[PDB]
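First up is the structure itself, then whatever we jot down about it.
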Amino acid sequence: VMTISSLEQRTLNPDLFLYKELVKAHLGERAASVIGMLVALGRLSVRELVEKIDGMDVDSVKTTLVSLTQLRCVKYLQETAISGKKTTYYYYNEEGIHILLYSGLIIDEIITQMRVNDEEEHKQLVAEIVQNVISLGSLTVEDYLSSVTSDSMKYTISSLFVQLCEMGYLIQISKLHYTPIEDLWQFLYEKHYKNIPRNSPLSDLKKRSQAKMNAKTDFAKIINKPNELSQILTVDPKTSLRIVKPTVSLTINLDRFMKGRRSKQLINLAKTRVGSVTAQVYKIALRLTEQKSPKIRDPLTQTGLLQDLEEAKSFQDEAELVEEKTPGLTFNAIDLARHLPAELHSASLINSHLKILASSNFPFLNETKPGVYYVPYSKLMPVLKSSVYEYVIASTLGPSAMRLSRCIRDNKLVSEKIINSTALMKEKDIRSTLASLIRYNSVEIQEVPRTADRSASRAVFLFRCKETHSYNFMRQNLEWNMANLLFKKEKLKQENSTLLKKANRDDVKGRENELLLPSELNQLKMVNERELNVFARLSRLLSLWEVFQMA
Amino acid sequence: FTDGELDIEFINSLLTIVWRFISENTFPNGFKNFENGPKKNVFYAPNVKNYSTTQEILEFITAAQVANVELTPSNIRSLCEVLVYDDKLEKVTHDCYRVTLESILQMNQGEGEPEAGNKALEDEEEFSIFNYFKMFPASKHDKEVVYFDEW
Amino acid sequence: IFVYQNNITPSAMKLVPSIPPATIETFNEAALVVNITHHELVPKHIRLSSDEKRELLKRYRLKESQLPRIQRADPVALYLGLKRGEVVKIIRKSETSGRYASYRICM
Amino acid sequence: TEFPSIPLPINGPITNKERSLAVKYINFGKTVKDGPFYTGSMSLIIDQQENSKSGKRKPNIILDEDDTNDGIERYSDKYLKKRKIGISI
Amino acid sequence: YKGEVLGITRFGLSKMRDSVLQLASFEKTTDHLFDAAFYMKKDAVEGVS
DNA sequence: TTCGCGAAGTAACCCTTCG
DNA sequence: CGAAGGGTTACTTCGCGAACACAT
């Protein structure tokens with residue numbers, strides 16, 4: 001009866017609790033009743049979609065999915081059967097609905113990415129371009145430029161099109177990444193067995209060595225095609241500069257900004273790892289290799305459904321193989337990018353102050369060890385999780401929580417007698433903060449016993465970690481807190497809707513000029529005070545949720 | 001039996017002397033408390049040679065007047081050395097125990113003066129200790145009250 | 001149609017529906033020396049066409065459910081070759097009843 | 001109730017950066033409830049986007065706009081101030 | 001009519017009966033109610049039991 | 001202190017392929 | 001061609017019932 005404490009949905013869903021909510025936040029219930037519905041039973045066609053959502057007929061489940069089609073929120077599979085018609089079988093897109101939660105910080109630090117050249121017009125112009133880019137799903141150049149009505153401002157916008165395309169933020173959206181990747185491999189695998197049905201004495205070696213490896217070398221090339229494929233740009237008599245093709249669509253490319261956010265996380269780590277002067281040159285030597293060869297974040301495009309027999313060693317070996325020599329520019333040299341004019345005492349900057357990052361990998365982790373620039377981003381991710389995960393559990397459960405959670409990582413299957421010799425707890429503070437932590441994971445105990453029904457207590461329950469559970473569980477808990485914060489925002493905007501329809505329609509400049517009587521005007525600065533705090537918590541919570549889903 | 005008879009009245013106090021001495025071995029004393037001249041690119045690509053403990057630090061702590069008879073730091077030379085491992089000391093090869101992490105988080109905050117200076121640059125980073133004084137008042141529906149739910 | 005001579009192996013029928021319009025059979029020379037149709041306990045079975053299948057669904061107002069079902073790997077169904085959804089008409093003969101009929105859907 | 005703690009929340013919209021991201025979230029949420037932004041829903045929907053739905057409704061994707069859907073509701077400011085017919089709203 | 005020669009007892013009755021409370025009165029009244037709520041059975045009541 | 005079949009649980013052994 | 005993995009059939013253990021209703 002005390003329904004304030006959000007007990008109404010404690011066993012609801014962690015995955016439905018965010019996606020349907022983010023769809024409801026921009027359109028409403030008739031669009032949230034399909035992405036929230038296609039996440040609850042899998043893939044589904046249009047004919048078997050109508051009779052379960054309890055709504056209108058095919059004239060409405062088709063219209064609201066077009067609004068999800070031109071927003072890139074679903075995935076379709078155009079395939080036919082052996083005796084049936086051509087079906088649809090729609091999916092749901094994870095990153096295509098992360099874009100709705102993610103767009104504001106996308107544009108707001110693409111501003112800081114594009115801060116380099118000048119000051120005033122570039123910020124406003126990028127905040128006009130990319131804000132309209134992400135609010136649509138796919139737009140062209142000639143359709144945008146039909147509402148400018150200028151001659152030099154249009155020239156500046158046409159320059160900034162290719163200035164954003166050269167960074168790696170605008171690529172041609174093709175069907176080959178608008179298709180589900182779990183079945184795009186199988187389409188490149190069933191015609192490949194159809195390619196060689198040769199009557200010849202070949203064993204099961206054909207199904208592991210020929211078809212698999214040739215599909216690898218025909219798939220890794222074809223996923224890298226949307227990186228740079230729309231490059232001719234040699235239209236001379238129109239403009240005297242590189243002009244983007246008008247009849248060519250553009251999307252956000254979704255992946256370089258992932259890389260920029262994770263590089264920002266690496267710099268935020270390096271501000272605490274090394275000193276104040278080493279992290280600056282580490283930033284200026286790290287924030288230039290994100291635009292050439294993108295494979296840094298991703299759990300790999302092919303590893304989702306074939307890592308079942310033995311291939312994980314091959315995935316790690318191929319990752320560390322193509323992980324080097326592809327960004328292989330000048331590893332430690334000079335560049336005309338930025339030198340941060342400061343003491344960054346050293347009043348001389350060539351080949352003597354730019355060698356301080358050579359002493360940044362031999363200490364505690366930045367991990368560019370072997371020769372010159374080799375392996376900079378492979379052996380951080382199993383510890384970049386473990387560095388941020390300890391700083392959350394220690395800041396929440398207390399300073400003695402990281403003292404117990406890190407000891408068991410050193411020696412798994414640890415007893416309480418030998419953890420007393422390793423820790424310093426008095427008599428019972430070993431087990432008190434253990435029982436305060438056992439309701440959370442990374443405590444997970446294993447039992448020994450060889451008895452009948454626990455007769456003489458057998459000296460049981462020595463503690464392990466099982467660190468692959470607790471990272472996923474922390475990700476679930478953070479994602480639930482994310483979506484619960486957004487539902488606090490939704491209940492706030494749902495509570496007082498009778499004073500919102502007038503406060504934004506005709507009340508712009510005269511809001512302080514006595515248009516509302518002084519009895520409820522403080523509610524207008526109350527519905528804007530802690531609704532600002534919701535988005536501030538969202539901003540400072542994206543910087544902690546997106547570290548537990550690395551490769 | 002060198003640790004079972006000391007429960008617990010000066011083990012947490014004994015941490016401070018050895019941590020301050022390793023911080024003195026790895027950093028300057030007075031130049032750590034402030035940011036004026038941050039230790040010269042720290043120690044000019046610092047000090048491959050300088051280790052922490054070999055055969056002298058045990059007798060140094062023994063003769064440091066810790067209000068005890070000079071008996072039984074016998075096996076606390078390495079057990080207390082590995083016992084301080086969480087965010088404080090360094091392991092990499094042998095006796096390379098370094099301090100650098102928490103000398104900014106709690107040294108310049110607890111034993112320091114307060115100022116509302118140029119602190120409008122900390123952007124969503126790893127700040128455990130900071131931002132005390134939970135609510136004033138009543139915890140308006142989006143504060144720290146909800147973490148107990150498992151999910 | 002394949003006719004075994006002895007005990008089968010588990011790896012023979014591992015891909016039987018692998019051909020999309022066709023299949024293979026599975027027999028045994030031991031239990032095929034006499035056919036079950038001429039036996040006195042089995043009445044006359046005959047398969048109906050697709051046009052005659054929708055006639056009893058109009059006469060009894062039924063559908064592709066709620067019928068007395070017969071299964072695959074049944075000796076009558078393996079003798080006759082009932083694939084799926086094929087109505088077989090049984091012309092069974094009780095003693096004091098006459099020459100009445102019954103219909104069975106194959107599943 | 002039950003009092004756990006979160007490290008991050010308090011004393012953090014006083015700076016301009018988190019306020020900038022928050023006000024831009026407000027602006028994105030305010031604009032996103034308008035559908036197509038006065039130039040759209042016409043170009044790229046036939047171009048390999050759900051052929052079974054871009055073929056059955058070739059003139060019927062123009063249902064969402066801000067040129068006519070925000071146009072029809074703005075004609076009624078003048079038909080009511082001069083003429084009155086008794087019809088339910 | 002089901003397809004196989006089956007029995008009348010507590011495993012021979014569960015071949016056709018989607019009715020749960022009919023099965024939860026014949027034998028094993030405990031196990032038939034715990035299994036029906038696990039599998040989310042609809043149980044449109046039409047039988048005379 | 002008792003017969004009835006149906007669930008898991010565990011072992012002997014034969015087919016199939018690898019280098 | 002010898003050895004390793006996947007999978008069919010065969011030996012052994014538990015539990016659920018044992019009819020209706022009256023007076024104790």
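Residue numbering restarts at 1 in every chain; chains get A, B, ... in the order shown in the structure tokens, and ligands count up from 1 in that same order.
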As a short mmCIF file (atom, residue, chain, number, x, y, z; two decimals) with N, CA and C atoms, in the first residue's frame, list the residues of region 199-400 of chain A assigned to helix (DSSP H, G or I) by DSSP on the backbone atoms of this structure.
```cif
data_model
loop_
_atom_site.label_atom_id
_atom_site.label_comp_id
_atom_site.auth_asym_id
_atom_site.auth_seq_id
_atom_site.Cartn_x
_atom_site.Cartn_y
_atom_site.Cartn_z
N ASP A 204 34.96 -34.29 -43.50
CA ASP A 204 34.49 -33.13 -42.73
C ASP A 204 35.50 -31.97 -42.70
N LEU A 205 36.71 -32.16 -43.26
CA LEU A 205 37.67 -31.07 -43.44
C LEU A 205 37.15 -29.98 -44.38
N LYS A 206 36.21 -30.31 -45.28
CA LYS A 206 35.59 -29.30 -46.13
C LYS A 206 34.75 -28.33 -45.32
N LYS A 207 34.10 -28.81 -44.27
CA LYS A 207 33.20 -28.00 -43.47
C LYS A 207 33.90 -27.20 -42.38
N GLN A 210 37.85 -25.23 -45.67
CA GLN A 210 37.63 -24.52 -46.93
C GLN A 210 36.54 -23.47 -46.80
N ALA A 211 35.31 -23.91 -46.49
CA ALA A 211 34.15 -23.03 -46.50
C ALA A 211 34.21 -21.99 -45.39
N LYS A 212 34.67 -22.40 -44.20
CA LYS A 212 34.74 -21.49 -43.06
C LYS A 212 35.77 -20.39 -43.29
N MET A 213 36.98 -20.75 -43.72
CA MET A 213 38.02 -19.74 -43.89
C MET A 213 37.78 -18.86 -45.11
N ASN A 214 37.24 -19.42 -46.19
CA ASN A 214 36.89 -18.57 -47.33
C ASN A 214 35.70 -17.67 -47.01
N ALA A 215 34.78 -18.11 -46.16
CA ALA A 215 33.71 -17.22 -45.73
C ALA A 215 34.22 -16.14 -44.78
N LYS A 216 35.25 -16.46 -43.98
CA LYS A 216 35.92 -15.44 -43.17
C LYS A 216 36.57 -14.37 -44.05
N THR A 217 37.33 -14.80 -45.06
CA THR A 217 38.02 -13.82 -45.90
C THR A 217 37.11 -13.16 -46.93
N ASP A 218 35.87 -13.64 -47.10
CA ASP A 218 34.88 -12.94 -47.89
C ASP A 218 33.89 -12.14 -47.05
N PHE A 219 33.89 -12.33 -45.73
CA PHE A 219 33.03 -11.61 -44.80
C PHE A 219 33.72 -10.43 -44.13
N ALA A 220 34.99 -10.59 -43.74
CA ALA A 220 35.72 -9.49 -43.11
C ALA A 220 36.01 -8.37 -44.10
N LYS A 221 36.14 -8.70 -45.38
CA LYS A 221 36.28 -7.66 -46.40
C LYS A 221 34.96 -6.93 -46.62
N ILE A 222 33.84 -7.65 -46.55
CA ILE A 222 32.56 -7.06 -46.91
C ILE A 222 31.90 -6.33 -45.73
N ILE A 223 32.36 -6.56 -44.50
CA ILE A 223 31.89 -5.70 -43.41
C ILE A 223 32.66 -4.40 -43.34
N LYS A 225 33.42 -2.69 -45.98
CA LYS A 225 33.00 -1.87 -47.11
C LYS A 225 32.30 -0.56 -46.71
N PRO A 226 31.40 -0.48 -45.68
CA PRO A 226 30.86 0.85 -45.34
C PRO A 226 31.82 1.79 -44.62
N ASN A 227 33.08 1.40 -44.40
CA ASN A 227 34.04 2.32 -43.81
C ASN A 227 34.39 3.45 -44.78
N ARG A 256 32.52 4.99 -34.60
CA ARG A 256 33.65 5.84 -34.27
C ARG A 256 33.38 6.65 -33.00
N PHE A 257 32.12 6.97 -32.74
CA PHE A 257 31.81 7.71 -31.52
C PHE A 257 31.90 6.82 -30.29
N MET A 258 31.54 5.54 -30.43
CA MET A 258 31.87 4.50 -29.45
C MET A 258 33.35 4.54 -29.08
N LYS A 259 34.19 4.63 -30.11
CA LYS A 259 35.64 4.64 -29.94
C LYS A 259 36.10 5.91 -29.26
N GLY A 260 35.47 7.04 -29.59
CA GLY A 260 35.82 8.30 -28.94
C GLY A 260 35.41 8.33 -27.48
N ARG A 261 34.25 7.76 -27.16
CA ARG A 261 33.80 7.66 -25.77
C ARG A 261 34.70 6.74 -24.96
N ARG A 262 35.11 5.61 -25.54
CA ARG A 262 36.01 4.71 -24.82
C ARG A 262 37.42 5.26 -24.72
N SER A 263 37.86 6.06 -25.69
CA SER A 263 39.14 6.75 -25.56
C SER A 263 39.07 7.82 -24.48
N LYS A 264 37.92 8.49 -24.35
CA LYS A 264 37.72 9.42 -23.24
C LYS A 264 37.76 8.69 -21.90
N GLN A 265 37.22 7.47 -21.86
CA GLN A 265 37.32 6.64 -20.66
C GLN A 265 38.77 6.26 -20.36
N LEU A 266 39.56 5.99 -21.41
CA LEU A 266 40.98 5.68 -21.22
C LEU A 266 41.76 6.89 -20.72
N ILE A 267 41.42 8.09 -21.20
CA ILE A 267 42.10 9.29 -20.72
C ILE A 267 41.68 9.60 -19.28
N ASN A 268 40.41 9.34 -18.94
CA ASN A 268 39.97 9.50 -17.56
C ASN A 268 40.63 8.49 -16.63
N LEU A 269 40.98 7.31 -17.15
CA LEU A 269 41.79 6.37 -16.39
C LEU A 269 43.21 6.90 -16.22
N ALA A 270 43.81 7.40 -17.31
CA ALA A 270 45.20 7.83 -17.31
C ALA A 270 45.43 9.09 -16.48
N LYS A 271 44.38 9.89 -16.23
CA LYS A 271 44.51 11.00 -15.29
C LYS A 271 44.77 10.54 -13.87
N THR A 272 44.35 9.32 -13.51
CA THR A 272 44.65 8.75 -12.21
C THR A 272 45.83 7.78 -12.23
N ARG A 273 46.14 7.19 -13.39
CA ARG A 273 47.26 6.25 -13.45
C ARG A 273 48.60 6.96 -13.42
N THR A 278 51.87 13.64 -18.01
CA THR A 278 52.03 12.52 -18.92
C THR A 278 50.72 12.21 -19.64
N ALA A 279 49.59 12.41 -18.96
CA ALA A 279 48.28 12.13 -19.55
C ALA A 279 47.92 13.10 -20.66
N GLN A 280 48.47 14.32 -20.65
CA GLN A 280 48.17 15.28 -21.71
C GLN A 280 48.82 14.87 -23.03
N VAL A 281 50.11 14.52 -22.99
CA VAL A 281 50.77 14.03 -24.19
C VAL A 281 50.27 12.64 -24.56
N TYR A 282 49.78 11.87 -23.58
CA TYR A 282 49.13 10.60 -23.88
C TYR A 282 47.81 10.80 -24.62
N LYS A 283 47.08 11.87 -24.29
CA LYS A 283 45.86 12.21 -25.01
C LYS A 283 46.19 12.69 -26.42
N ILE A 284 47.21 13.53 -26.57
CA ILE A 284 47.51 14.06 -27.90
C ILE A 284 48.20 13.00 -28.77
N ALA A 312 38.05 -19.74 -30.21
CA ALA A 312 38.32 -18.56 -29.40
C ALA A 312 39.80 -18.20 -29.37
N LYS A 313 40.68 -19.20 -29.40
CA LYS A 313 42.11 -18.94 -29.53
C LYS A 313 42.43 -18.30 -30.87
N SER A 314 41.73 -18.71 -31.93
CA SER A 314 41.89 -18.08 -33.23
C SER A 314 41.34 -16.66 -33.25
N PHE A 315 40.28 -16.39 -32.48
CA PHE A 315 39.76 -15.02 -32.39
C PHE A 315 40.75 -14.11 -31.67
N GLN A 316 41.33 -14.59 -30.56
CA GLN A 316 42.32 -13.80 -29.84
C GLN A 316 43.59 -13.60 -30.68
N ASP A 317 44.00 -14.63 -31.42
CA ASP A 317 45.21 -14.53 -32.23
C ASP A 317 45.00 -13.60 -33.43
N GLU A 318 43.85 -13.70 -34.10
CA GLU A 318 43.54 -12.79 -35.20
C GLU A 318 43.35 -11.36 -34.71
N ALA A 319 42.79 -11.20 -33.50
CA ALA A 319 42.62 -9.87 -32.92
C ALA A 319 43.96 -9.22 -32.63
N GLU A 320 44.88 -9.95 -32.00
CA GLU A 320 46.21 -9.40 -31.76
C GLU A 320 47.08 -9.36 -33.01
N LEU A 321 46.68 -10.05 -34.08
CA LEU A 321 47.41 -9.98 -35.35
C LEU A 321 47.05 -8.72 -36.13
N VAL A 322 45.76 -8.52 -36.42
CA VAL A 322 45.34 -7.31 -37.12
C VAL A 322 45.24 -6.11 -36.19
N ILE A 356 58.32 11.51 -22.61
CA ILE A 356 57.82 11.15 -21.28
C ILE A 356 56.76 10.06 -21.36
N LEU A 357 56.11 9.89 -22.52
CA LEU A 357 55.17 8.78 -22.68
C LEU A 357 55.86 7.45 -22.93
N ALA A 358 57.18 7.46 -23.17
CA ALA A 358 57.92 6.21 -23.17
C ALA A 358 58.05 5.64 -21.77
N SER A 359 58.02 6.50 -20.75
CA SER A 359 57.96 6.09 -19.35
C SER A 359 56.54 6.01 -18.83
N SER A 360 55.56 5.78 -19.71
CA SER A 360 54.17 5.65 -19.32
C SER A 360 53.66 4.22 -19.42
N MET A 381 41.14 -4.19 -21.71
CA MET A 381 39.73 -4.48 -21.49
C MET A 381 39.41 -5.51 -20.40
N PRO A 382 40.16 -6.61 -20.19
CA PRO A 382 39.88 -7.42 -18.99
C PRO A 382 40.29 -6.76 -17.68
N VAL A 383 41.04 -5.66 -17.71
CA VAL A 383 41.39 -4.95 -16.49
C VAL A 383 40.74 -3.56 -16.42
N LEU A 384 40.40 -2.95 -17.57
CA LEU A 384 39.61 -1.72 -17.56
C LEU A 384 38.22 -1.96 -16.99
N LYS A 385 37.66 -3.16 -17.18
CA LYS A 385 36.51 -3.57 -16.39
C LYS A 385 36.88 -3.64 -14.91
N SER A 386 37.93 -4.38 -14.59
CA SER A 386 38.33 -4.66 -13.21
C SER A 386 38.86 -3.44 -12.47
N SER A 387 39.23 -2.37 -13.17
CA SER A 387 39.63 -1.14 -12.50
C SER A 387 38.42 -0.28 -12.14
N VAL A 388 37.41 -0.25 -13.00
CA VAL A 388 36.22 0.55 -12.74
C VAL A 388 35.26 -0.20 -11.82
N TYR A 389 35.20 -1.53 -11.94
CA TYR A 389 34.32 -2.35 -11.11
C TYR A 389 34.70 -2.31 -9.64
N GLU A 390 36.00 -2.27 -9.33
CA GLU A 390 36.43 -2.13 -7.94
C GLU A 390 36.15 -0.75 -7.38
N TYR A 391 36.24 0.29 -8.21
CA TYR A 391 36.01 1.65 -7.74
C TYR A 391 34.53 1.96 -7.54
N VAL A 392 33.64 1.11 -8.01
CA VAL A 392 32.22 1.22 -7.71
C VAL A 392 31.85 0.45 -6.45
N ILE A 393 32.33 -0.79 -6.33
CA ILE A 393 31.99 -1.62 -5.18
C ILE A 393 32.69 -1.10 -3.92
N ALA A 394 33.84 -0.45 -4.06
CA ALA A 394 34.52 0.14 -2.91
C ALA A 394 33.88 1.45 -2.50
N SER A 395 33.43 2.24 -3.47
CA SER A 395 32.76 3.50 -3.15
C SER A 395 31.33 3.30 -2.67
N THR A 396 30.74 2.13 -2.92
CA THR A 396 29.39 1.85 -2.44
C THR A 396 29.39 1.05 -1.14
N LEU A 397 30.00 -0.13 -1.14
CA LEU A 397 29.93 -1.01 0.02
C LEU A 397 30.96 -0.67 1.10
#
```
Write out as a JSON list (two decimals) with N, CA and C atoms (P, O5', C5', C4', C3', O3' and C1' of nucleotides), in the first residue's frame each polymer residue whose atoms come within 12 Å of residue 26 (chain E), counting only C-alpha atoms (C1' of nucleotides); drop sequence neighbours fewer than 6 positions from it.
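Result file is result_14.json:
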```json
[["chain", "number", "residue", "atom", "x", "y", "z"],
["E", 8, "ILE", "N", -5.70, -46.05, -19.37],
["E", 8, "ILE", "CA", -6.76, -45.27, -18.74],
["E", 8, "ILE", "C", -6.26, -44.62, -17.44],
["E", 9, "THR", "N", -5.18, -45.12, -16.87],
["E", 9, "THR", "CA", -4.68, -44.66, -15.57],
["E", 9, "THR", "C", -3.95, -43.31, -15.70],
["E", 10, "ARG", "N", -3.22, -42.94, -14.65],
["E", 10, "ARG", "CA", -2.77, -41.56, -14.43],
["E", 10, "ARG", "C", -1.77, -41.06, -15.46],
["E", 11, "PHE", "N", -1.14, -41.94, -16.24],
["E", 11, "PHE", "CA", -0.37, -41.49, -17.39],
["E", 11, "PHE", "C", -1.11, -41.69, -18.71],
["E", 12, "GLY", "N", -2.08, -42.59, -18.75],
["E", 12, "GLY", "CA", -2.90, -42.76, -19.93],
["E", 12, "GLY", "C", -4.03, -41.76, -20.06],
["E", 13, "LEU", "N", -4.30, -40.97, -19.02],
["E", 13, "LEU", "CA", -5.33, -39.95, -19.12],
["E", 13, "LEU", "C", -4.78, -38.64, -19.66],
["E", 14, "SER", "N", -3.49, -38.37, -19.45],
["E", 14, "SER", "CA", -2.89, -37.09, -19.79],
["E", 14, "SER", "C", -2.50, -36.96, -21.26],
["E", 17, "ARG", "N", -6.21, -34.47, -22.29],
["E", 17, "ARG", "CA", -6.83, -33.56, -21.34],
["E", 17, "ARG", "C", -5.97, -32.32, -21.16],
["E", 19, "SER", "N", -7.65, -29.93, -19.80],
["E", 19, "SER", "CA", -8.31, -29.55, -18.56],
["E", 19, "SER", "C", -7.44, -29.97, -17.38],
["E", 20, "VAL", "N", -7.11, -29.01, -16.52],
["E", 20, "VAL", "CA", -6.16, -29.23, -15.44],
["E", 20, "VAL", "C", -6.85, -29.78, -14.20],
["E", 32, "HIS", "N", 0.00, -32.03, -10.77],
["E", 32, "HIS", "CA", -0.67, -31.52, -11.96],
["E", 32, "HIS", "C", -0.98, -30.03, -11.88],
["E", 49, "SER", "N", -16.26, -32.37, -15.58],
["E", 49, "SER", "CA", -15.56, -32.48, -14.31],
["E", 49, "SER", "C", -15.23, -31.11, -13.74],
["G", 17, "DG", "P", -1.71, -40.96, -5.82],
["G", 17, "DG", "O5'", -2.62, -42.24, -6.11],
["G", 17, "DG", "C5'", -2.23, -43.53, -5.61],
["G", 17, "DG", "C4'", -3.39, -44.51, -5.72],
["G", 17, "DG", "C3'", -4.30, -44.56, -4.51],
["G", 17, "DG", "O3'", -5.60, -44.96, -4.91],
["G", 17, "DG", "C1'", -2.91, -46.53, -4.63]]
```
**Asked** Mind listing as a PyMOL selection string which residues of chain F are within 12 Å of chain E, counting only C-alpha atoms (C1' of nucleotides)?
**Response** chain F and resi 4-7
**Request:** For chain E, work out the contacting residues on chain C at 12 Å, counting only C-alpha atoms, and write them as number ranges by chain.
**Result:** C: 65-74, 77, 102-107
**Request:** Within 8 Å of chain D, which residues of chain A are there when counting only C-alpha atoms? Please give them as a PyMOL selection string.
**Result:** chain A and resi 5+25-27+62+66+69-70+76+88+103-105+108+131+135-136+138-139+143-144+175+249+392+395-396+532-533+535-537+539-540
Those same residues, written as a short mmCIF file (atom, residue, chain, number, x, y, z; two decimals), in the first residue's frame with N, CA and C atoms?
```cif
data_model
loop_
_atom_site.label_atom_id
_atom_site.label_comp_id
_atom_site.auth_asym_id
_atom_site.auth_seq_id
_atom_site.Cartn_x
_atom_site.Cartn_y
_atom_site.Cartn_z
N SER A 5 8.18 3.06 -3.22
CA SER A 5 9.52 2.48 -3.24
C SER A 5 9.79 1.63 -4.48
N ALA A 25 9.18 7.28 -25.18
CA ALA A 25 9.63 8.63 -24.91
C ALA A 25 9.62 9.54 -26.13
N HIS A 26 9.65 9.00 -27.35
CA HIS A 26 9.66 9.87 -28.53
C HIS A 26 8.39 9.81 -29.36
N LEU A 27 7.69 8.68 -29.42
CA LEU A 27 6.43 8.61 -30.16
C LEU A 27 5.26 8.31 -29.23
N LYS A 62 1.67 -1.50 -39.45
CA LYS A 62 2.52 -1.19 -40.60
C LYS A 62 2.94 0.27 -40.63
N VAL A 66 6.95 1.91 -40.07
CA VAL A 66 7.60 2.81 -41.02
C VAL A 66 8.29 3.95 -40.28
N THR A 69 11.21 2.49 -39.33
CA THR A 69 12.06 2.13 -40.46
C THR A 69 12.93 3.30 -40.89
N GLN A 70 12.34 4.50 -40.98
CA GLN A 70 13.09 5.71 -41.29
C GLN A 70 13.78 6.30 -40.07
N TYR A 76 15.03 -6.14 -40.74
CA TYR A 76 14.15 -7.05 -41.46
C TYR A 76 14.96 -8.10 -42.22
N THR A 88 8.47 -11.35 -43.92
CA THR A 88 9.19 -10.17 -43.46
C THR A 88 10.10 -10.46 -42.27
N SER A 103 21.99 10.47 -28.52
CA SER A 103 22.16 11.54 -29.52
C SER A 103 22.64 12.87 -28.94
N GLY A 104 22.18 13.22 -27.73
CA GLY A 104 22.52 14.52 -27.18
C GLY A 104 23.99 14.65 -26.86
N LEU A 105 24.55 13.64 -26.19
CA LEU A 105 25.98 13.64 -25.93
C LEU A 105 26.78 13.42 -27.21
N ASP A 108 26.96 16.88 -28.59
CA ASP A 108 27.57 17.83 -27.68
C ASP A 108 29.07 17.59 -27.48
N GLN A 131 22.31 17.47 -35.34
CA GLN A 131 21.04 17.38 -34.64
C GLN A 131 19.91 16.99 -35.59
N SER A 135 18.13 13.04 -35.79
CA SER A 135 16.69 13.05 -35.59
C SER A 135 15.95 12.35 -36.73
N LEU A 136 16.59 12.25 -37.90
CA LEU A 136 16.15 11.37 -38.97
C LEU A 136 16.98 10.09 -38.91
N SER A 138 17.99 8.50 -42.11
CA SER A 138 18.76 8.46 -43.35
C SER A 138 18.31 9.64 -44.20
N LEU A 139 19.23 10.57 -44.48
CA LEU A 139 18.94 11.72 -45.32
C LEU A 139 20.08 11.93 -46.30
N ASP A 143 18.52 17.06 -50.38
CA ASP A 143 17.24 17.28 -49.71
C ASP A 143 17.39 18.23 -48.53
N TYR A 144 18.57 18.26 -47.91
CA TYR A 144 18.81 19.18 -46.81
C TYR A 144 19.02 20.60 -47.30
N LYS A 175 22.31 -1.64 -47.20
CA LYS A 175 21.50 -2.72 -46.65
C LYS A 175 22.36 -3.74 -45.90
N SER A 249 22.98 8.69 -49.58
CA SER A 249 22.49 8.85 -48.22
C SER A 249 23.64 8.87 -47.22
N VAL A 392 33.64 1.11 -8.01
CA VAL A 392 32.22 1.22 -7.71
C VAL A 392 31.85 0.45 -6.45
N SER A 395 33.43 2.24 -3.47
CA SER A 395 32.76 3.50 -3.15
C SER A 395 31.33 3.30 -2.67
N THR A 396 30.74 2.13 -2.92
CA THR A 396 29.39 1.85 -2.44
C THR A 396 29.39 1.05 -1.14
N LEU A 532 16.16 18.72 -14.77
CA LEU A 532 17.54 18.94 -15.17
C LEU A 532 18.46 17.93 -14.48
N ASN A 533 18.14 17.60 -13.22
CA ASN A 533 18.95 16.67 -12.44
C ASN A 533 18.85 15.25 -12.98
N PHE A 535 18.57 14.37 -16.19
CA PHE A 535 19.49 14.29 -17.32
C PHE A 535 20.94 14.47 -16.91
N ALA A 536 21.21 15.17 -15.80
CA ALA A 536 22.57 15.23 -15.28
C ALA A 536 23.02 13.87 -14.74
N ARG A 537 22.12 13.18 -14.02
CA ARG A 537 22.40 11.82 -13.56
C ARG A 537 22.56 10.86 -14.74
N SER A 539 23.71 11.74 -17.73
CA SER A 539 25.01 12.07 -18.31
C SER A 539 26.16 11.47 -17.51
N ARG A 540 26.09 11.54 -16.18
CA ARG A 540 27.15 10.96 -15.37
C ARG A 540 26.96 9.46 -15.12
#
```
With only C-alpha atoms (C1' of nucleotides) counted and 9 Å as the cut-off, give the residues of chain C in contact with chain F, each with its shortest interatomic distance in Å and the pair that gives it, as JSON lines.
```
{"residue": "C:9", "atom": "CA", "partner": "F:15", "partner_atom": "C1'", "distance": 7.5}
{"residue": "C:10", "atom": "CA", "partner": "F:15", "partner_atom": "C1'", "distance": 7.7}
{"residue": "C:11", "atom": "CA", "partner": "F:15", "partner_atom": "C1'", "distance": 7.5}
```
